[PDB]
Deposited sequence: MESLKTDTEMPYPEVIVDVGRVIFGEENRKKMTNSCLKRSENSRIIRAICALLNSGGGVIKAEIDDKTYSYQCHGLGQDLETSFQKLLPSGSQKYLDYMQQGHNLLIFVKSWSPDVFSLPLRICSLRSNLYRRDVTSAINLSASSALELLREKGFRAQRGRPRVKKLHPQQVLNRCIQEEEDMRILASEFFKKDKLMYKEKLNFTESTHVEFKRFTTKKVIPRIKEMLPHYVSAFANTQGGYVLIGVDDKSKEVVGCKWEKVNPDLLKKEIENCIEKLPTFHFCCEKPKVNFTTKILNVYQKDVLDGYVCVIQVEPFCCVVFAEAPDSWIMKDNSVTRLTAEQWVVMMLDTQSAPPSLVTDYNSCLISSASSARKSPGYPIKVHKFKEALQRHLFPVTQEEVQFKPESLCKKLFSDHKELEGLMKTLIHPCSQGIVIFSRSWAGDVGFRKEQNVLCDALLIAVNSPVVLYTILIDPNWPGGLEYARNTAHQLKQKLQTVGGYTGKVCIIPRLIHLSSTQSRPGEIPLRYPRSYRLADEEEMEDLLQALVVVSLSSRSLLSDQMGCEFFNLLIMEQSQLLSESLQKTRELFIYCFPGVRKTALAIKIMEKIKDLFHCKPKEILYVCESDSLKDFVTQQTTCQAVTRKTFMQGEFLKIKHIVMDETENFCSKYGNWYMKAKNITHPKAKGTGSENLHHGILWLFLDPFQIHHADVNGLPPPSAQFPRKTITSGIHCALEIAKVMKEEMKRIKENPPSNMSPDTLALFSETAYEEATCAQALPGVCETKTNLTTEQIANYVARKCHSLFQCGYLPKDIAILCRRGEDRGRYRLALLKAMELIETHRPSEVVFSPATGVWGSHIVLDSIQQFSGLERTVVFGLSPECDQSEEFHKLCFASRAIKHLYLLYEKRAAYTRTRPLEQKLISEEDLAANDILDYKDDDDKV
C-alpha cells in the first residue's frame, strides 16, 4: 500500500510538494508572486488532505543551500494560511523539521475533542455564500455547518421598488435609483475590458448569497456613488447570448438537497434597454433569485482528501456527507487498568501465554529484548504472532513474532523478529504494519494525541526522527494509547482479543446481575426464562451472593439444585452456598433451608417424586425465594417435570441480554431458534415458544457479542477429522492459546473412545480429561449430555450426519468448529 521512499521510509502517507523557498526574509522578497501563491497553496492543500486523511508528512526541497530553520524562520504568508486553516490553534496539528536539504511538515489527523463543535472535516473555504446586510460573506466551516443543520430541520422598503425596477422595461439615461443596496438589492457595473468572463467570475458569490438568504436582485449596469444606470454599448455583446450564458452558468452551480423533490434553482433573468435622448445606449441586466429550499454552492468546497496517493478536491455532495457524518468505551478504563497497568516496576511482557511459548521455543529472545529495550526504567511490551494479522491485514510466515514497546518520554517501537535474515521483505512489512496499526488506533480506538510508531527489524543472532511532540510525555498519554489499543483488540480476533473479551464479559455480567437483583425485593417466587446463550450459571451465582447480602442469612441456607453432576461440582467450587443434584435433593432431608435457586429445571425428572411440591413446601413453612431458571430450547431428558402448567408459571421474566458468545455463534443460535419455532417439536409446547423474539435477540447480539470464528465441515472421515482437530490445535497453541481453552464434544457418548484413539494418533503425527476437568489444564473430551452447564472458548463438535447445533453452540464462546 505504501510507496517505496527509500530516502525516508516513514510509516505514513508522504506528500512531496517539490521545491519551496523558505525563510521570512527570503519569502518577503520575490518577483513573480504567482509562484509564491502557488507554493503557499500547494502546501496548504497538502495539509488539508493530510488532516482529512489521517495525518502524514509533507516533503519540500529547500532552494537556499545555506538555509537554516533556526535562523530564517518559515515565512509570513504560510503562517497566515495556517491561521486561516486552523482557527483554534495550528500548533496541535502542525510541526516543522529540517533534514539537511529537506523541509518536513508533520501533520496530525483532524479529530475534534470532547470540548469543541462537531466539525468533522477541515476546509479552507465553505464556498457557500450568505448575505449579512449588503456584502456577500463566504461562510466558514462552523457557519456552513450551522446552516446545514438549519436546513436539515426543514429595511424591507429596499426589496420593494427593486421589483418595481424589475417590472419596468424602457429606461432613459441616468436614472438616480432612489434605493441603495440591501439584503435583497446589490449592483455592479460593467467592465469594458471583459464582460462575459467577469460576469462568470462575479455572479456565483451573489447568486448563492441570495439563494441562501431570502431572495434578491442582481443588477448589472448601475454605479455606486452616482446611483445611475450606465450599461455597455449594444455592439459589445448580444443580449440573447448573455441570457443563455447566464442560464447555463446558473444551471452549473453546485447544489445540495435535504428534500426529496429535487427542484432546480428558480431564477428570472431579464434584459432592459437604457436609452439616451430617445436613442439606444446600453443594457442593464436584472437577475431575481428567490429563496431556495436548500444549500446552493458557488464552486466546489475548498476541502481536500487523499485518493490513490493524490491530493484531490472534495465535491459538494461528498463534502456535505462527511460534514454531517458502545459498552467498550464505558469499560475501556477498567480493562486498561486491569490488563495494562502503568507502573514503574521495570517492563512487563504481555500476554503471558504467548510470551512463555516464544521464550521456551527461543531462549535468546528474552535477553535480546531485555537488552534492546534498555535503557528504559518502565514500559510495556506486547507480543503477537502477527500484529498485521491481529489488525487484520496480512500474515507472514517469515516473521517469528512482533513486539510493541510503549513507554513514557519515548515513542512507540514496532520490533519485527525475522526467522531468516536475508528475506528481502522485512522492512516493507514492518513499515506497513506500523502504518496500519497507527491508522487503526486512530480510526477505531479514538486516540486524538500525537504518537509515532518506529519500525525496526531484528534477527535472532543479532534512523527516522520525529518531532519531540510525537512522544508519550506522561502516564496519561500512555493510558489513552492503551485504551485505544484495548478498543482495537476488542474489535478484532486474536489471542489477546479472546482474553480481553473474556474480561469484558466478566464486567458485563456484574451489571446484568445488579439489574436482575432488584427483583429480589419485588418477588418471592419467580420463573426466569433464558434465551440460548445467556450464562444462567454466573447469573445464579451472583444472585446467591446478593441473596446472602440482602437477606442476612448463612450461606448454608441457600440451596442450588441442578440436574448434572459436573455443573454441581463447578458450582460448589464457585460459591460457598450448598449445591446438590436433583437426585440428592430428593430422598434428602432439608429442614434448615430458606432460599432455593433451581437451574436446569428443563430436564428435571418427576419419576422419583414431585420436586416442585417439595421446593414449595420448603419455601412455604416465612416466605422464601423460589427462583427457577428455564431455557425451553435445551430439553434432553425424555420425561416431564413436576412443573405446573405454563399458564400457572407466574410471575416471570425473559432475560434477553446476556449473550456472551461470538457474533457468528449468535447467528447460528438465531437460525436454529427460527427453525425450531417454525416447526415446533413434541416436547416443546407452543405457549413456551412465544416469549422469545428474534428482534430482541438480534438487539442483544449487536450489543454484547464480539468477533469470532464458526466453521462447519461436512462429509468427512474419522482420521481426517482427527487430523483437522490436531492441526487447528497446533495453530492455536502456536498463536498462544492454552490447552484449557479447547474442548471436543461428541454427540453420542459411545463414540468417545474411538474418537479418542484417532485423536492420539493425529497429535502423534503432528492428554484428554473427563467432564470434571474443565478447570484443569487439559483438553476436555466428553459428550453434550455430560457437558451441560459448562463452557470453553474453543469447541469442536463431532456428530455423524438435526436440531442439535444449538446445544453445541451454547458451549462455545469464540470458536466453534462443527465437523461431521
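Residues 1-2, 157-179, 351-380, 518-525, 685-694, 840-847, 883-887, 907-943 of the deposited sequence have no C-alpha coordinates in the model.
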